[PDB]
């Protein structure tokens, strides 16, 4: 049973759903452990409850009958999760993340080089939408000619057709790489082994589709919302980053705490318990609202303000917590750092369009509402 999580807050505007800080403050102050009769869900907003739901799989299972949304990795609890996680993790080593940085830098340099003389840019079409698709295509090892945005657009049934077309495209590339191994994700998934078990070629195609669904639109949203913040939240932050070019990672971590909305994951209660202060029964569904708990003043001082120097920022739960903690988190942080650093090198100052209207430039997405357009005036020094 697909649970329509959109019906819990019932937002009055796309703009509110895009940045629901008023609703987070209401739930944290008045209703932090909230039973929603219409969806038959429990809803938790406080940092210590959200963290417990995400990680304590003995009590809060990822593999229940009801959900908020090809290996089903995200739907497995330990012990069955260990093999799937280990085989996919073979493509996300410390060595690969080190080797990816100069490749991702090249891609960012080319995207920014295309807009370097622009008086005005559109973050979405010029940067946030193409960049994570161009990156994942390079990291997969796709032929240079195919270097792909189309796929994830369509991968959003339209869905049956698109998945069958991706499969026919990639299946012969995996077979080819099995005989012709290179430093790319597909080659690392071919060589992966757990207790003598390996992926089949078909499983590797599915693994790449899971990585596309996990890592493209999420990263696009995170980048667009970071640039949104520089225009609309702390308008002095961009200047601070220009003045000290080592601050990019701190800025990325604060934009993942402050401007990624809405982050929520569901679990199914596995055993009766009152760990969240209320009696729950086996089969109950709990939604953990990570974006809300990222503004819990018990963990984050001055939580409704941008502060890239807040020493707790690295504790945000935008990537989850526990066994399912985002496999892509290092890559996501690297992509956001590299695109921000390339942008800072090109542009001395950015300004919003006085006439930009948010409501007409938001569309429904898996995370709530996403920018369709984000204009800015840019300057060079």
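Residue numbers count along the first chain shown, from 1.
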query: Sequence continuity check, residue 147 and residue 148 (deposited residues unmodelled); finding: 1 to 3
query: Stretch with the greater mean C-alpha B-factor as recorded in the entry, comparing 276-284 against 161-169; finding: 161-169
query: Between the two ranges 198-206 and 113-121, the one averaging a larger CA B factor in the entry; finding: 198-206
query: Residue of maximum C-alpha B factor among 346, 54, 331, 70, per deposited coordinates; finding: 70
query: Identity of residue with top Cα B-factor, from 99, 229, 182, 129; finding: 182
query: Residue 32 by Cα B-factor - lowest, middle or highest third of the modelled chain; finding: middle
query: Chain third (lowest, middle, highest) by recorded CA B-factor, residue given as residue 352; finding: middle
query: Position of residue 66 among the chain's modelled residues by C-alpha B-factor, lowest, middle or highest third; finding: highest
query: Relative C-alpha B-factor of residue 40, binned into the chain's lowest, middle or highest third; finding: highest
query: Modelled-residue ranking by C-alpha temperature factor, third containing residue 291; finding: lowest
